[PDB]
Amino acid sequence: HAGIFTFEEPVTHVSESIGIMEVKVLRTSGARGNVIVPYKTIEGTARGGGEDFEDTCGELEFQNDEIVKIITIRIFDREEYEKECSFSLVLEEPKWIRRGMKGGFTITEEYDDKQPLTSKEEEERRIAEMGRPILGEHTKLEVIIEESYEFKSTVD
């Protein structure tokens, strides 16, 4: 189906002393199957590797629209020195797995170990990919941390 996954808010500012932050990945259209939604933390001005934040890259399991997933990022209690440290988190191309649907099942048996599904030439590959789950239009999560940040009205 046309799956659309996006973050709650594209910018979140959190405390250094928060430990773990929580972001829900929302599904605009919904979910109906078994959808694996990968994500990856982008080191902007903040340093991963356990310095300011713990970088996290994994894949979330969105089966049905009923459930929601949360990305838990480790924010370290780092009282270093004032930086403009922020990191972004983005969602990767989500994949729809069989058995979670009804009637029509995409039996992914044509896959190539290098990277693509369509390991052939352009057999309407773009149309095939347009029939794959995607993310929202502009979906990024800029997570901002450091001693003394400004808390704006983050409201929905």
# chains A, B, ... in the order shown; residues from 1 in each chain; ligands from 1

$ select_by_dssp --residues "chain A" --states "strand (DSSP E)" --output "ChimeraX atom specification"
/A:4-7,11-13,20-27,32-43,57-64,69-74,86-91,95-97,134-135,140-144

$ write_last_selection --atoms "C-alpha atoms" --output "mmCIF file, in the first residue's frame"
data_model
loop_
_atom_site.group_PDB
_atom_site.id
_atom_site.type_symbol
_atom_site.label_atom_id
_atom_site.label_comp_id
_atom_site.auth_asym_id
_atom_site.auth_seq_id
_atom_site.Cartn_x
_atom_site.Cartn_y
_atom_site.Cartn_z
ATOM 1 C CA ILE A 4 3.775 7.158 4.595
ATOM 2 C CA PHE A 5 5.926 7.420 7.725
ATOM 3 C CA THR A 6 6.990 10.692 9.296
ATOM 4 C CA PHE A 7 8.270 12.089 12.627
ATOM 5 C CA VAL A 11 12.687 19.518 15.412
ATOM 6 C CA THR A 12 12.918 18.526 19.023
ATOM 7 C CA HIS A 13 15.061 20.168 21.679
ATOM 8 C CA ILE A 20 16.594 8.725 26.663
ATOM 9 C CA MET A 21 14.464 10.696 24.281
ATOM 10 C CA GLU A 22 11.351 9.335 22.614
ATOM 11 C CA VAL A 23 10.087 10.046 19.170
ATOM 12 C CA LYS A 24 7.111 8.362 17.638
ATOM 13 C CA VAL A 25 7.111 7.623 14.007
ATOM 14 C CA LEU A 26 3.757 8.429 12.638
ATOM 15 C CA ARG A 27 1.978 6.833 9.766
ATOM 16 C CA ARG A 32 -1.331 -2.832 7.114
ATOM 17 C CA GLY A 33 1.123 -5.634 7.109
ATOM 18 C CA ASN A 34 4.606 -5.868 8.316
ATOM 19 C CA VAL A 35 6.540 -2.796 7.527
ATOM 20 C CA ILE A 36 10.113 -2.456 8.495
ATOM 21 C CA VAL A 37 11.049 1.198 8.779
ATOM 22 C CA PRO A 38 14.809 1.823 9.165
ATOM 23 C CA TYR A 39 16.212 5.045 10.617
ATOM 24 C CA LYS A 40 19.667 6.560 11.003
ATOM 25 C CA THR A 41 21.138 9.305 13.135
ATOM 26 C CA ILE A 42 22.984 11.996 11.252
ATOM 27 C CA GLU A 43 25.868 13.548 13.113
ATOM 28 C CA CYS A 57 20.438 3.073 13.512
ATOM 29 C CA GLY A 58 17.926 0.342 13.388
ATOM 30 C CA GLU A 59 14.721 -0.730 11.901
ATOM 31 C CA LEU A 60 11.310 -0.292 13.399
ATOM 32 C CA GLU A 61 8.556 -2.791 12.948
ATOM 33 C CA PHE A 62 5.259 -1.214 11.984
ATOM 34 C CA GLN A 63 2.880 -4.014 11.504
ATOM 35 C CA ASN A 64 -0.581 -2.615 11.716
ATOM 36 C CA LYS A 69 6.966 2.901 17.282
ATOM 37 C CA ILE A 70 9.339 4.960 19.273
ATOM 38 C CA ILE A 71 12.938 5.668 18.663
ATOM 39 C CA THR A 72 14.885 5.806 21.851
ATOM 40 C CA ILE A 73 18.113 7.712 21.582
ATOM 41 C CA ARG A 74 20.627 7.789 24.357
ATOM 42 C CA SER A 86 22.511 19.058 17.159
ATOM 43 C CA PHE A 87 21.983 15.853 15.325
ATOM 44 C CA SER A 88 19.406 14.889 12.875
ATOM 45 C CA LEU A 89 17.556 11.683 12.579
ATOM 46 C CA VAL A 90 16.061 10.555 9.368
ATOM 47 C CA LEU A 91 13.967 7.681 8.247
ATOM 48 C CA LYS A 95 9.956 -2.199 3.350
ATOM 49 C CA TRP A 96 6.661 -4.090 3.318
ATOM 50 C CA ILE A 97 6.832 -7.739 4.276
ATOM 51 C CA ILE A 134 7.757 5.632 1.547
ATOM 52 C CA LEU A 135 8.248 8.328 4.089
ATOM 53 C CA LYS A 140 13.752 14.759 9.550
ATOM 54 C CA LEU A 141 14.162 15.043 13.247
ATOM 55 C CA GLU A 142 16.610 17.633 14.316
ATOM 56 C CA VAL A 143 17.369 16.823 17.877
ATOM 57 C CA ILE A 144 18.997 19.635 19.664
#

$ residues_around --residues "residue 150 (chain A)" --least-positions-apart "3" --cutoff "12 Å" --atoms "only C-alpha atoms" --output "ChimeraX atom specification"
/A:12-15,84,144-147,153-154

$ closest_residue --among "A:3, A:127, A:119, A:103" --to "residue 28 (chain A)" --atoms "only C-alpha atoms"
A:3

$ closest_residue --among "A:100, A:30, A:10, A:50" --to "residue 133 (chain A)" --atoms "only C-alpha atoms"
A:30

$ select_by_dssp --residues "region 2-147 of chain A" --states "helix (DSSP H, G or I)" --output "VMD selection string"
chain A and resid 16 to 18 125 to 129

$ closest_residue --among "A:107, A:117, A:85, A:130" --to "residue 149 (chain A)" --atoms "only C-alpha atoms"
A:85

$ atom_distance --atom1 "CA of residue 83 (chain A)" --atom2 "CA of residue 16 (chain A)"
12.2 Å

$ atom_distance --atom1 "CA of residue 47 (chain A)" --atom2 "CA of residue 115 (chain A)"
28.7 Å

$ residues_around --residues "residue 19 (chain A)" --least-positions-apart "4" --cutoff "7 Å" --atoms "only C-alpha atoms" --output "ChimeraX atom specification"
/A:74-77

$ closest_residue --among "A:55, A:131, A:81, A:137" --to "residue 106 (chain A)" --atoms "only C-alpha atoms"
A:131

$ atom_distance --atom1 "CA of residue 9 (chain A)" --atom2 "CA of residue 94 (chain A)"
19.0 Å

$ decode --residues "region 8-26 of chain A" --atoms "N, CA, C and O atoms" --output "PDB file, in the first residue's frame"
ATOM      1  N   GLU A   8       6.960  12.958  14.475  1.00  0.00           N
ATOM      2  CA  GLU A   8       5.954  13.797  15.141  1.00  0.00           C
ATOM      3  C   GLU A   8       6.197  15.275  14.838  1.00  0.00           C
ATOM      4  O   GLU A   8       5.296  15.995  14.421  1.00  0.00           O
ATOM      5  N   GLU A   9       7.416  15.697  15.029  1.00  0.00           N
ATOM      6  CA  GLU A   9       7.814  17.064  14.809  1.00  0.00           C
ATOM      7  C   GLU A   9       9.203  16.991  14.206  1.00  0.00           C
ATOM      8  O   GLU A   9       9.987  16.161  14.632  1.00  0.00           O
ATOM      9  N   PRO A  10       9.516  17.796  13.188  1.00  0.00           N
ATOM     10  CA  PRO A  10      10.827  17.769  12.540  1.00  0.00           C
ATOM     11  C   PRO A  10      11.982  18.332  13.397  1.00  0.00           C
ATOM     12  O   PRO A  10      13.153  18.196  13.033  1.00  0.00           O
ATOM     13  N   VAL A  11      11.664  18.968  14.510  1.00  0.00           N
ATOM     14  CA  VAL A  11      12.687  19.518  15.412  1.00  0.00           C
ATOM     15  C   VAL A  11      12.281  19.303  16.853  1.00  0.00           C
ATOM     16  O   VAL A  11      11.167  19.662  17.245  1.00  0.00           O
ATOM     17  N   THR A  12      13.157  18.711  17.625  1.00  0.00           N
ATOM     18  CA  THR A  12      12.918  18.526  19.023  1.00  0.00           C
ATOM     19  C   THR A  12      14.176  18.929  19.822  1.00  0.00           C
ATOM     20  O   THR A  12      15.304  18.561  19.478  1.00  0.00           O
ATOM     21  N   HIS A  13      13.987  19.731  20.820  1.00  0.00           N
ATOM     22  CA  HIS A  13      15.061  20.168  21.679  1.00  0.00           C
ATOM     23  C   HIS A  13      14.907  19.537  23.048  1.00  0.00           C
ATOM     24  O   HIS A  13      13.877  19.692  23.700  1.00  0.00           O
ATOM     25  N   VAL A  14      15.914  18.807  23.463  1.00  0.00           N
ATOM     26  CA  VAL A  14      15.854  18.028  24.686  1.00  0.00           C
ATOM     27  C   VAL A  14      17.036  18.321  25.599  1.00  0.00           C
ATOM     28  O   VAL A  14      18.052  18.874  25.167  1.00  0.00           O
ATOM     29  N   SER A  15      16.876  17.980  26.853  1.00  0.00           N
ATOM     30  CA  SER A  15      17.892  18.158  27.861  1.00  0.00           C
ATOM     31  C   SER A  15      19.037  17.161  27.661  1.00  0.00           C
ATOM     32  O   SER A  15      18.853  16.118  27.062  1.00  0.00           O
ATOM     33  N   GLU A  16      20.205  17.492  28.166  1.00  0.00           N
ATOM     34  CA  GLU A  16      21.356  16.600  28.088  1.00  0.00           C
ATOM     35  C   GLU A  16      21.164  15.501  29.123  1.00  0.00           C
ATOM     36  O   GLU A  16      21.530  14.356  28.932  1.00  0.00           O
ATOM     37  N   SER A  17      20.498  15.869  30.184  1.00  0.00           N
ATOM     38  CA  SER A  17      20.288  15.028  31.318  1.00  0.00           C
ATOM     39  C   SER A  17      18.989  14.217  31.193  1.00  0.00           C
ATOM     40  O   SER A  17      18.492  13.650  32.173  1.00  0.00           O
ATOM     41  N   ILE A  18      18.453  14.132  29.987  1.00  0.00           N
ATOM     42  CA  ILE A  18      17.221  13.408  29.787  1.00  0.00           C
ATOM     43  C   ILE A  18      17.484  11.894  29.744  1.00  0.00           C
ATOM     44  O   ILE A  18      16.649  11.092  30.153  1.00  0.00           O
ATOM     45  N   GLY A  19      18.656  11.510  29.283  1.00  0.00           N
ATOM     46  CA  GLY A  19      18.983  10.114  29.223  1.00  0.00           C
ATOM     47  C   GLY A  19      18.487   9.461  27.957  1.00  0.00           C
ATOM     48  O   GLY A  19      19.272   9.076  27.104  1.00  0.00           O
ATOM     49  N   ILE A  20      17.193   9.347  27.825  1.00  0.00           N
ATOM     50  CA  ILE A  20      16.594   8.725  26.663  1.00  0.00           C
ATOM     51  C   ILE A  20      15.518   9.650  26.155  1.00  0.00           C
ATOM     52  O   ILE A  20      14.729  10.163  26.947  1.00  0.00           O
ATOM     53  N   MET A  21      15.510   9.901  24.878  1.00  0.00           N
ATOM     54  CA  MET A  21      14.464  10.696  24.281  1.00  0.00           C
ATOM     55  C   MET A  21      13.560   9.770  23.482  1.00  0.00           C
ATOM     56  O   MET A  21      14.005   8.689  23.063  1.00  0.00           O
ATOM     57  N   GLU A  22      12.320  10.158  23.299  1.00  0.00           N
ATOM     58  CA  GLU A  22      11.351   9.335  22.614  1.00  0.00           C
ATOM     59  C   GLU A  22      10.708  10.075  21.464  1.00  0.00           C
ATOM     60  O   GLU A  22      10.151  11.169  21.642  1.00  0.00           O
ATOM     61  N   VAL A  23      10.790   9.507  20.296  1.00  0.00           N
ATOM     62  CA  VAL A  23      10.087  10.046  19.170  1.00  0.00           C
ATOM     63  C   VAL A  23       9.212   8.965  18.569  1.00  0.00           C
ATOM     64  O   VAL A  23       9.651   7.824  18.421  1.00  0.00           O
ATOM     65  N   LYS A  24       7.985   9.288  18.293  1.00  0.00           N
ATOM     66  CA  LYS A  24       7.111   8.362  17.638  1.00  0.00           C
ATOM     67  C   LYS A  24       7.160   8.592  16.155  1.00  0.00           C
ATOM     68  O   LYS A  24       7.237   9.738  15.688  1.00  0.00           O
ATOM     69  N   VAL A  25       7.181   7.533  15.424  1.00  0.00           N
ATOM     70  CA  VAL A  25       7.111   7.623  14.007  1.00  0.00           C
ATOM     71  C   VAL A  25       5.666   7.427  13.625  1.00  0.00           C
ATOM     72  O   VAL A  25       5.039   6.422  13.974  1.00  0.00           O
ATOM     73  N   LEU A  26       5.134   8.401  12.978  1.00  0.00           N
ATOM     74  CA  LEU A  26       3.757   8.429  12.638  1.00  0.00           C
ATOM     75  C   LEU A  26       3.549   7.879  11.250  1.00  0.00           C
ATOM     76  O   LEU A  26       4.453   7.901  10.416  1.00  0.00           O
TER      77      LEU A  26
END
